[PDB]
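Shown here is one chain on its own, the form deposited in one PDB entry, set out as structure tokens.
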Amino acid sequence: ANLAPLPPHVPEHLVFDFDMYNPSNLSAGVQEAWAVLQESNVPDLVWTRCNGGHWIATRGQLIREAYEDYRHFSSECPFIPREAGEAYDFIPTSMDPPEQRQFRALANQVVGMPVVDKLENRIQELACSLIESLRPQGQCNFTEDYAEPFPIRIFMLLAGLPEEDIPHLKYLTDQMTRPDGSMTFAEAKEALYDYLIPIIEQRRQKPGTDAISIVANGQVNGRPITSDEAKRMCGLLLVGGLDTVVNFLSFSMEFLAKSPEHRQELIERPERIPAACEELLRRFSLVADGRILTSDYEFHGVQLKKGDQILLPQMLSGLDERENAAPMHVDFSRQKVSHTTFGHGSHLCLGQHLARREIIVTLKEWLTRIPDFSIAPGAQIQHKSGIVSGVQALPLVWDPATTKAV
């Protein structure tokens, strides 16, 4: 019945069958679907018999604590169940302190705040270019027409790769995270590595100032980073910034299309866009992965067994009423916007700075040119749930005569 037999160490009163890949009432919205785990009668920590059987921390306090305690909660394979990530081998996902430290520092060198600030004007140009091409059309499939092209073009800029390589590169990343049956994950991954390796070896000899050159010439354990290590980190620097951004932007634009008050608020108070970005990140949080118990451990009165998998939904912390008043409501003026949208602990998103800049630039440049838009008449928006939840399709409409080319 898709149900995994309840392990002896798990008390029956903590059972709550939740399917993270197809939650009940997903039609009400994915965040709302996950919020069922936070209804009054549900414990802070539960066990679901779906997807092979695993724990699920449902409150921000437990989620933050588990992510900080890497000694008890390992990131060896954050995919639950393990088969959900197949041949995944990106760095530094599966590493924990100390091994993890060196790789994070090198990655922070290429996508950290200083780099983001230097790339802002170009990111702004890319955004304006995409929005302006859509403006006169009076409609668009947001996810395909803006959300997807934006992040991949940003990567080419960051990695110093030619625009002409997008069709191939984007096809491969889509084959990996949004498979259509053409290639297996392993095959798509190998093809991605076949693309990266030559560029890495080349820039290892004649380096530039791009992200790949810096990574290729990095130092690990007092010795040059290997071709294997470099490609495995570059692969995540690429894939980690695509679907998360694509879907987050889609959730945010869906909300704005349905709320004229919030659009009007940002048009009249542009200086609030950064704050609005943070509140949208909280309300439309979308990632949910986990950790593995390194040893038998008592956590908040619950006995966890070595090897057990525990889902620690990054999405749930900010939706927790114990963290934020009326969590399902959007308030750009919230004084304390508590969330773990980019994660928490040692694995906190390395691209958080780049992500925030992409969101802020998108909101400013879109609201400046297309201030009044709505969901296409007759359309019904559907969400999808998983490790990175999202929007299937987002058809938008507007009157071109009400827009302004800037």
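Sequential numbering from 1, following the sequence displayed. For clarity, a rigid core is taken as the largest C-alpha set superposing within 1.5 Å between two forms.
Although not depicted, the form deposited in another entry is the subject of the following passage.
In the core-aligned comparison between the shown form and the other one, the C-alpha of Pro207 is the only one from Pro207, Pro97, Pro270, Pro260 that shifts by 2 Å or more. With the core held fixed, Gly307 shows a CA shift below 2 Å between the shown form and the other one. Once the rigid core is used as the reference frame, the Cα position of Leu286 differs between the shown form and the other one by less than 2 Å. Core-superposed comparison between the shown form and the other one: the Cα of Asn221 travels 2 Å or more. In summary, the C-alpha positions of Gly85 and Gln61 diverge in that other deposited form, ending up at least 3 angstroms farther from each other than in this conformation. Relative to what is shown, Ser389 and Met176 are closer in that other deposited form; their C-alpha atoms differ in spacing by at least 3 Å.
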